[PDB]
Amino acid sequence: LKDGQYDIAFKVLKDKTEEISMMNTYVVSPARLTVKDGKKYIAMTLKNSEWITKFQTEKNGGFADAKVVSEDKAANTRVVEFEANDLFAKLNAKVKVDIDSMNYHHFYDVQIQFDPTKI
């Protein structure tokens, strides 16, 4: 594909499975793919932002916090940005969730699967 901005559908999968993750409820698909100089960046909206305290994706054999490129405090959402390579390969990610009022404090591994062909 060539430089520009595109819609890309995706699903978040439970770690090491083809099952839909509980996290899938809290992301917006499609995400936005920016292609720039042969590199691919994904901008993804997280819902219930206040609950999601960390979000990381695999980068160079390690995990890195995705950049927050915008926040909407009124909507309680935010947009995070990270690099993808092969849009047909699963991307490993990590999430930390904290809901003080429900005593829910966990962190998880998940996979993101993009589907470039989907509309």
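Note that residue numbering begins at 1 and tracks the sequence as displayed.
Novice: Mean C-alpha B-factor higher for 35-43, or for 66-74?
Specialist: Mean B over CA atoms: larger for 35-43.
Novice: Looking at the deposited entry, does 55-63 or 75-83 carry the larger mean Cα B-factor?
Specialist: Here the higher of the two C-alpha B-factor means belongs to 55-63.
Novice: Could you look up the Cα B-factor of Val27 in the entry and say which third of the chain it sits in: lowest, middle or highest?
Specialist: Middle third of the chain for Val27's C-alpha B-factor.
Novice: Please say which third, lowest, middle or highest, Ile8 falls into when its CA temperature factor is compared across its chain.
Specialist: Tercile = lowest for this residue's CA B-factor.
Novice: Would you mind checking where the Cα B-factor of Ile112 ranks among the modelled residues of its chain, as the lowest, middle or highest third?
Specialist: Lowest third of the chain for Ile112's C-alpha B-factor.
Novice: Taking the values exactly as deposited, rank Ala93 by C-alpha B-factor within its chain and report the matching third: lowest, middle or highest.
Specialist: Lowest third, going by the recorded CA B-factors of the chain.
Novice: Lowest, middle or highest third: which one holds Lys16 when the chain's residues are ordered by CA B-factor from the entry?
Specialist: Answer is highest: the recorded C-alpha B-factor places it there.
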